There are 2 protein chains.
Amino acid sequence: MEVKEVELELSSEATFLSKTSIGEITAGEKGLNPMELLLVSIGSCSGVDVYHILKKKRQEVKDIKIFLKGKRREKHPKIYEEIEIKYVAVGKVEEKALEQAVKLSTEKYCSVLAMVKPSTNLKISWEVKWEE
Amino acid sequence: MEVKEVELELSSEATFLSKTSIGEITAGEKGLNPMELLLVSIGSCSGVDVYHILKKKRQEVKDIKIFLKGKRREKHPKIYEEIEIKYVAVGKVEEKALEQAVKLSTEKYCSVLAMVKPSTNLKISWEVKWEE
(Lines give C-alpha, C1' and ligand atoms only; values in the text may rest on other atoms or scores of the structure.)
Protein backbone atom coordinates (compact mmCIF):
# COMPACT_ATOMS: atom_id res chain seq x y z
CA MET A 1 0.00 0.00 0.00
CA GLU A 2 1.71 3.15 -1.20
CA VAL A 3 1.59 5.90 1.39
CA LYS A 4 1.08 9.55 0.43
CA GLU A 5 1.65 12.30 2.99
CA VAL A 6 1.23 16.07 3.09
CA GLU A 7 1.47 18.59 5.91
CA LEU A 8 -0.32 21.92 6.20
CA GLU A 9 0.45 24.90 8.40
CA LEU A 10 -1.36 28.21 8.79
CA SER A 11 0.31 30.88 6.61
CA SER A 12 -2.28 33.68 6.56
CA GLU A 13 -5.94 34.00 7.60
CA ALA A 14 -7.70 30.67 6.92
CA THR A 15 -4.88 29.79 4.51
CA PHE A 16 -2.28 27.02 4.69
CA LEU A 17 1.21 26.46 3.32
CA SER A 18 0.97 22.87 2.11
CA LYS A 19 4.08 20.71 1.90
CA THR A 20 4.11 18.03 -0.77
CA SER A 21 6.85 15.98 -2.44
CA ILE A 22 7.77 18.70 -4.95
CA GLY A 23 7.21 21.77 -2.81
CA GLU A 24 4.79 24.00 -0.95
CA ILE A 25 1.70 25.82 -2.18
CA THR A 26 -0.76 28.07 -0.41
CA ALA A 27 -4.26 26.64 -0.18
CA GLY A 28 -7.22 28.30 1.47
CA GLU A 29 -9.20 31.52 1.69
CA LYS A 30 -6.29 33.66 0.45
CA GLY A 31 -4.58 31.05 -1.71
CA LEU A 32 -5.54 28.24 -4.06
CA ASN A 33 -9.24 27.61 -3.52
CA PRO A 34 -9.72 24.09 -2.02
CA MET A 35 -12.60 23.04 -4.29
CA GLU A 36 -10.80 24.32 -7.40
CA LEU A 37 -7.79 22.28 -6.23
CA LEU A 38 -9.98 19.17 -6.13
CA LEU A 39 -10.78 19.78 -9.81
CA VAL A 40 -7.08 20.27 -10.56
CA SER A 41 -6.40 17.01 -8.72
CA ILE A 42 -9.00 15.21 -10.83
CA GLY A 43 -7.88 16.76 -14.10
CA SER A 44 -4.16 16.10 -13.60
CA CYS A 45 -4.71 12.54 -12.40
CA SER A 46 -6.81 11.73 -15.45
CA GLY A 47 -4.55 13.88 -17.61
CA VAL A 48 -1.58 11.72 -16.65
CA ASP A 49 -3.53 8.61 -17.73
CA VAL A 50 -4.63 10.09 -21.07
CA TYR A 51 -1.10 11.25 -21.87
CA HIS A 52 0.49 7.84 -21.26
CA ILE A 53 -2.30 5.94 -22.99
CA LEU A 54 -2.30 8.14 -26.09
CA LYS A 55 1.48 7.72 -26.24
CA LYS A 56 1.25 3.95 -25.89
CA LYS A 57 -1.25 3.86 -28.73
CA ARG A 58 1.18 5.70 -31.01
CA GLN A 59 -0.62 9.04 -31.18
CA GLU A 60 1.43 12.19 -31.79
CA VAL A 61 0.42 14.58 -29.03
CA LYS A 62 1.19 18.27 -29.51
CA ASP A 63 -0.93 19.26 -26.52
CA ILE A 64 -3.73 18.16 -24.19
CA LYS A 65 -6.26 20.59 -22.76
CA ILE A 66 -8.67 19.55 -20.03
CA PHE A 67 -11.56 21.74 -18.94
CA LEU A 68 -13.38 21.00 -15.71
CA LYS A 69 -16.52 22.68 -14.43
CA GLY A 70 -18.20 21.84 -11.15
CA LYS A 71 -21.68 22.81 -9.99
CA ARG A 72 -21.98 22.87 -6.19
CA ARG A 73 -24.98 22.03 -4.03
CA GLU A 74 -26.41 25.08 -2.27
CA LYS A 75 -26.55 23.54 1.22
CA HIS A 76 -23.71 22.19 3.38
CA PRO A 77 -21.64 20.40 2.61
CA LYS A 78 -21.57 22.17 -0.76
CA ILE A 79 -20.19 19.27 -2.78
CA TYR A 80 -20.28 19.23 -6.57
CA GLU A 81 -23.68 17.90 -7.66
CA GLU A 82 -22.14 17.75 -11.12
CA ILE A 83 -18.68 17.77 -12.69
CA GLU A 84 -18.14 18.35 -16.39
CA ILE A 85 -14.83 17.25 -17.86
CA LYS A 86 -13.87 17.98 -21.47
CA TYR A 87 -10.70 16.54 -22.97
CA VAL A 88 -9.15 18.17 -26.04
CA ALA A 89 -6.23 16.38 -27.68
CA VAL A 90 -4.14 18.39 -30.16
CA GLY A 91 -1.99 16.82 -32.86
CA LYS A 92 -2.14 13.65 -34.95
CA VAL A 93 -4.62 12.00 -32.62
CA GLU A 94 -7.45 9.73 -33.73
CA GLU A 95 -10.78 10.26 -31.98
CA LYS A 96 -10.91 6.52 -31.21
CA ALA A 97 -7.55 6.71 -29.46
CA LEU A 98 -8.68 9.64 -27.32
CA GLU A 99 -11.97 7.92 -26.45
CA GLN A 100 -10.12 4.79 -25.28
CA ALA A 101 -7.71 6.89 -23.21
CA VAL A 102 -10.54 8.85 -21.60
CA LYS A 103 -12.62 5.77 -20.80
CA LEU A 104 -9.73 3.73 -19.41
CA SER A 105 -8.75 6.71 -17.26
CA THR A 106 -12.21 7.62 -15.97
CA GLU A 107 -13.31 4.01 -15.50
CA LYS A 108 -10.13 2.30 -14.34
CA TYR A 109 -6.90 4.25 -13.89
CA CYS A 110 -7.47 7.66 -12.30
CA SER A 111 -7.50 7.26 -8.51
CA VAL A 112 -8.71 10.77 -7.60
CA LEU A 113 -11.74 10.54 -9.87
CA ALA A 114 -12.66 7.08 -8.59
CA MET A 115 -12.92 8.51 -5.08
CA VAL A 116 -15.48 11.21 -5.92
CA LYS A 117 -17.50 9.49 -8.67
CA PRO A 118 -19.99 7.87 -6.24
CA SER A 119 -20.89 11.31 -4.86
CA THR A 120 -21.56 13.31 -8.04
CA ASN A 121 -22.96 13.27 -11.58
CA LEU A 122 -20.06 13.05 -14.04
CA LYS A 123 -20.41 14.38 -17.59
CA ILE A 124 -17.49 13.47 -19.84
CA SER A 125 -16.84 14.70 -23.37
CA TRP A 126 -13.83 14.93 -25.68
CA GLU A 127 -12.63 16.17 -29.06
CA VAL A 128 -9.53 16.18 -31.23
CA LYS A 129 -7.96 19.03 -33.17
CA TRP A 130 -5.88 17.35 -35.86
CA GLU A 131 -2.61 19.23 -36.22
CA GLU A 132 0.76 18.66 -37.87
CA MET B 1 -25.35 26.52 -7.61
CA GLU B 2 -21.89 28.03 -7.41
CA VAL B 3 -19.76 27.08 -10.39
CA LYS B 4 -16.05 26.32 -10.05
CA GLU B 5 -13.86 26.06 -13.15
CA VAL B 6 -10.25 25.17 -13.86
CA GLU B 7 -8.35 24.56 -17.09
CA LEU B 8 -5.32 22.35 -17.62
CA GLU B 9 -2.82 22.32 -20.46
CA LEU B 10 0.18 20.07 -21.07
CA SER B 11 3.38 21.78 -19.84
CA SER B 12 5.90 18.93 -19.79
CA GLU B 13 5.69 15.12 -20.07
CA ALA B 14 2.45 13.95 -18.42
CA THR B 15 2.32 17.26 -16.54
CA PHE B 16 -0.19 20.10 -16.73
CA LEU B 17 -0.17 23.83 -16.04
CA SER B 18 -3.44 24.26 -14.15
CA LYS B 19 -5.23 27.59 -14.20
CA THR B 20 -7.29 28.46 -11.13
CA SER B 21 -8.71 31.70 -9.72
CA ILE B 22 -5.45 32.73 -8.02
CA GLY B 23 -2.96 31.41 -10.54
CA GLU B 24 -1.37 28.42 -12.23
CA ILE B 25 0.40 25.42 -10.74
CA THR B 26 2.03 22.41 -12.35
CA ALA B 27 0.29 19.13 -11.57
CA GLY B 28 1.32 15.73 -12.85
CA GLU B 29 4.25 13.37 -13.25
CA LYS B 30 6.83 16.18 -13.07
CA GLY B 31 4.88 18.57 -10.87
CA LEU B 32 2.56 18.42 -7.89
CA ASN B 33 1.52 14.79 -7.50
CA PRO B 34 -2.26 14.48 -8.18
CA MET B 35 -3.04 12.22 -5.20
CA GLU B 36 -0.99 14.41 -2.84
CA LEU B 37 -2.98 17.37 -4.20
CA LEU B 38 -6.21 15.60 -3.25
CA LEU B 39 -4.92 15.44 0.33
CA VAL B 40 -3.97 19.12 0.18
CA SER B 41 -7.48 19.84 -1.11
CA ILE B 42 -9.00 17.93 1.80
CA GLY B 43 -6.71 19.44 4.41
CA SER B 44 -7.15 23.06 3.27
CA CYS B 45 -10.93 22.73 2.91
CA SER B 46 -11.24 21.36 6.43
CA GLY B 47 -8.51 23.71 7.62
CA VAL B 48 -10.58 26.69 6.49
CA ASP B 49 -13.54 25.37 8.52
CA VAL B 50 -11.49 24.75 11.67
CA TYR B 51 -9.90 28.20 11.48
CA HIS B 52 -13.22 30.05 11.21
CA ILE B 53 -14.94 27.89 13.81
CA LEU B 54 -12.14 28.21 16.37
CA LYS B 55 -12.21 31.96 15.80
CA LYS B 56 -15.98 32.14 16.22
CA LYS B 57 -15.67 30.25 19.49
CA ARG B 58 -13.20 32.82 20.82
CA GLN B 59 -10.06 30.69 20.73
CA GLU B 60 -6.69 32.42 20.29
CA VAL B 61 -5.02 30.61 17.40
CA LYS B 62 -1.27 31.01 17.01
CA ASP B 63 -1.11 28.26 14.39
CA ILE B 64 -2.90 25.22 12.96
CA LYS B 65 -1.04 22.19 11.66
CA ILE B 66 -2.82 19.45 9.73
CA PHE B 67 -1.15 16.16 8.89
CA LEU B 68 -2.70 13.87 6.31
CA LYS B 69 -1.59 10.37 5.42
CA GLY B 70 -3.23 8.22 2.78
CA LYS B 71 -2.82 4.48 2.21
CA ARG B 72 -3.58 3.47 -1.38
CA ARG B 73 -5.09 0.24 -2.67
CA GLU B 74 -2.61 -1.86 -4.63
CA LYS B 75 -4.86 -2.47 -7.65
CA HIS B 76 -6.39 0.05 -10.07
CA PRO B 77 -7.80 2.44 -9.43
CA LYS B 78 -5.37 2.93 -6.54
CA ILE B 79 -7.66 5.01 -4.35
CA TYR B 80 -6.91 5.64 -0.68
CA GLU B 81 -8.26 2.70 1.33
CA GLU B 82 -7.55 4.87 4.35
CA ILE B 83 -6.91 8.53 5.12
CA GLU B 84 -5.53 9.68 8.46
CA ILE B 85 -6.02 13.33 9.38
CA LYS B 86 -4.47 14.85 12.50
CA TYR B 87 -5.30 18.40 13.55
CA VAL B 88 -2.95 20.29 15.87
CA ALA B 89 -4.10 23.67 17.16
CA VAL B 90 -1.46 25.92 18.72
CA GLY B 91 -2.25 28.72 21.16
CA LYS B 92 -4.90 29.35 23.79
CA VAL B 93 -7.20 26.70 22.39
CA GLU B 94 -9.41 24.43 24.47
CA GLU B 95 -9.54 20.80 23.39
CA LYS B 96 -13.35 20.98 23.39
CA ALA B 97 -13.27 23.90 20.97
CA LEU B 98 -10.94 22.03 18.60
CA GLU B 99 -13.07 18.88 18.78
CA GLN B 100 -16.22 20.85 17.86
CA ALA B 101 -14.41 22.54 14.98
CA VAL B 102 -13.07 19.24 13.65
CA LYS B 103 -16.41 17.44 13.90
CA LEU B 104 -18.45 20.25 12.34
CA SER B 105 -15.92 20.43 9.52
CA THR B 106 -15.59 16.70 8.84
CA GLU B 107 -19.29 15.99 9.29
CA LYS B 108 -20.94 19.08 7.84
CA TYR B 109 -18.87 21.90 6.36
CA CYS B 110 -15.92 20.62 4.31
CA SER B 111 -17.11 19.93 0.76
CA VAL B 112 -13.98 18.15 -0.52
CA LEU B 113 -13.98 15.65 2.34
CA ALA B 114 -17.70 14.94 1.95
CA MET B 115 -17.06 13.85 -1.64
CA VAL B 116 -14.46 11.18 -0.80
CA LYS B 117 -15.73 9.95 2.59
CA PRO B 118 -18.02 7.26 1.08
CA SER B 119 -15.03 5.70 -0.71
CA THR B 120 -12.48 5.40 2.11
CA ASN B 121 -11.89 4.71 5.81
CA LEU B 122 -11.35 8.02 7.61
CA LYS B 123 -9.34 8.18 10.83
CA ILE B 124 -9.51 11.57 12.55
CA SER B 125 -7.52 12.72 15.57
CA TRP B 126 -6.56 16.06 17.11
CA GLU B 127 -4.54 17.72 19.86
CA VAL B 128 -3.83 21.14 21.30
CA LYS B 129 -0.52 22.69 22.30
CA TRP B 130 -1.42 25.43 24.75
CA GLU B 131 0.76 28.45 24.06
CA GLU B 132 0.83 32.11 25.04
# chains A, B, ... in the order shown; residues from 1 in each chain; ligands from 1
>>> residues_around(residues="segment 50-60 of chain A", least_positions_apart="3", cutoff="12 Å", atoms="only C-alpha atoms", output="number ranges by chain")
A: 43-47, 63-66, 87-110, 126, 128-132; B: 9-16, 28-29
>>> select_by_dssp(residues="chain A", states="alpha helix (DSSP H)", output="ChimeraX atom specification")
/A:34-56,95-104,111-116
>>> residues_around(residues="residue 115 of chain A", least_positions_apart="6", cutoff="8 Å", atoms="only C-alpha atoms", output="ChimeraX atom specification")
/B:79-80,115-116,119-120
>>> select_by_dssp(residues="chain A", states="strand (DSSP E or B)", output="PyMOL selection string")
chain A and resi 3-12+15-19+24-28+32+60-72+80-92+121-130
>>> closest_residue(among="A:42, A:83, A:6, A:112", to="residue 21 of chain A", atoms="only C-alpha atoms")
A:6
>>> closest_residue(among="A:17, A:22, A:85, A:122", to="chain B", atoms="only C-alpha atoms")
A:22
>>> atom_distance(atom1="atom CA of residue 71 of chain B", atom2="atom CA of residue 125 of chain B")
16.4 Å
>>> atom_distance(atom1="atom CA of residue 72 of chain B", atom2="atom CA of residue 3 of chain A")
6.3 Å
>>> atom_distance(atom1="atom CA of residue 38 of chain A", atom2="atom CA of residue 40 of chain B")
8.7 Å
>>> closest_residue(among="A:113, A:124, A:68, A:25", to="chain B", atoms="only C-alpha atoms")
A:68
>>> decode(residues="segment 63-81 of chain B", atoms="N, CA, C and O atoms", output="CSV table (one decimal), in the first residue's frame")
chain,number,residue,atom,x,y,z
B,63,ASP,N,-1.4,29.1,15.6
B,63,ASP,CA,-1.1,28.3,14.4
B,63,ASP,C,-2.0,27.0,14.3
B,63,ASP,O,-2.6,26.6,15.4
B,64,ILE,N,-2.1,26.4,13.2
B,64,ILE,CA,-2.9,25.2,13.0
B,64,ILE,C,-2.1,24.3,12.0
B,64,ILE,O,-1.8,24.7,10.9
B,65,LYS,N,-1.8,23.1,12.5
B,65,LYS,CA,-1.0,22.2,11.7
B,65,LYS,C,-1.9,21.0,11.4
B,65,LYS,O,-2.6,20.5,12.3
B,66,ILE,N,-2.0,20.6,10.1
B,66,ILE,CA,-2.8,19.5,9.7
B,66,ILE,C,-2.0,18.4,9.0
B,66,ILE,O,-1.3,18.8,8.0
B,67,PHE,N,-1.9,17.2,9.5
B,67,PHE,CA,-1.2,16.2,8.9
B,67,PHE,C,-2.1,15.1,8.3
B,67,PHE,O,-3.0,14.6,8.9
B,68,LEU,N,-1.9,14.8,7.0
B,68,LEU,CA,-2.7,13.9,6.3
B,68,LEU,C,-1.9,12.8,5.7
B,68,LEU,O,-0.9,13.0,5.0
B,69,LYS,N,-2.3,11.5,6.0
B,69,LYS,CA,-1.6,10.4,5.4
B,69,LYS,C,-2.6,9.5,4.7
B,69,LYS,O,-3.6,9.1,5.3
B,70,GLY,N,-2.3,9.1,3.5
B,70,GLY,CA,-3.2,8.2,2.8
B,70,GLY,C,-2.6,6.9,2.4
B,70,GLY,O,-1.4,6.9,1.9
B,71,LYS,N,-3.3,5.8,2.6
B,71,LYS,CA,-2.8,4.5,2.2
B,71,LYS,C,-3.6,4.0,1.0
B,71,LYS,O,-4.8,3.7,1.1
B,72,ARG,N,-3.0,3.9,-0.1
B,72,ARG,CA,-3.6,3.5,-1.4
B,72,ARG,C,-3.7,2.0,-1.6
B,72,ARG,O,-2.9,1.2,-1.2
B,73,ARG,N,-4.8,1.6,-2.3
B,73,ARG,CA,-5.1,0.2,-2.7
B,73,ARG,C,-4.0,-0.1,-3.6
B,73,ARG,O,-3.4,0.7,-4.3
B,74,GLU,N,-3.7,-1.4,-3.7
B,74,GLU,CA,-2.6,-1.9,-4.6
B,74,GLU,C,-3.1,-2.0,-6.1
B,74,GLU,O,-2.3,-1.9,-7.0
B,75,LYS,N,-4.4,-2.3,-6.3
B,75,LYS,CA,-4.9,-2.5,-7.7
B,75,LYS,C,-5.6,-1.2,-8.1
B,75,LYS,O,-6.2,-0.5,-7.3
B,76,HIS,N,-5.7,-1.1,-9.5
B,76,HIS,CA,-6.4,0.1,-10.1
B,76,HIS,C,-7.9,0.0,-9.9
B,76,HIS,O,-8.5,-1.0,-10.1
B,77,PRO,N,-8.5,1.2,-9.6
B,77,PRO,CA,-7.8,2.4,-9.4
B,77,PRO,C,-7.2,2.4,-8.0
B,77,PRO,O,-7.9,2.0,-7.1
B,78,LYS,N,-6.0,2.9,-7.8
B,78,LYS,CA,-5.4,2.9,-6.5
B,78,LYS,C,-5.8,4.1,-5.6
B,78,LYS,O,-5.0,4.9,-5.3
B,79,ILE,N,-7.1,4.0,-5.2
B,79,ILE,CA,-7.7,5.0,-4.3
B,79,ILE,C,-7.1,4.8,-2.9
B,79,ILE,O,-6.4,3.8,-2.7
B,80,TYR,N,-7.4,5.8,-2.1
B,80,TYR,CA,-6.9,5.6,-0.7
B,80,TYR,C,-7.9,4.7,0.1
B,80,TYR,O,-9.1,5.0,0.1
B,81,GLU,N,-7.4,3.6,0.6
B,81,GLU,CA,-8.3,2.7,1.3
B,81,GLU,C,-8.5,3.3,2.7
B,81,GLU,O,-9.4,3.1,3.4
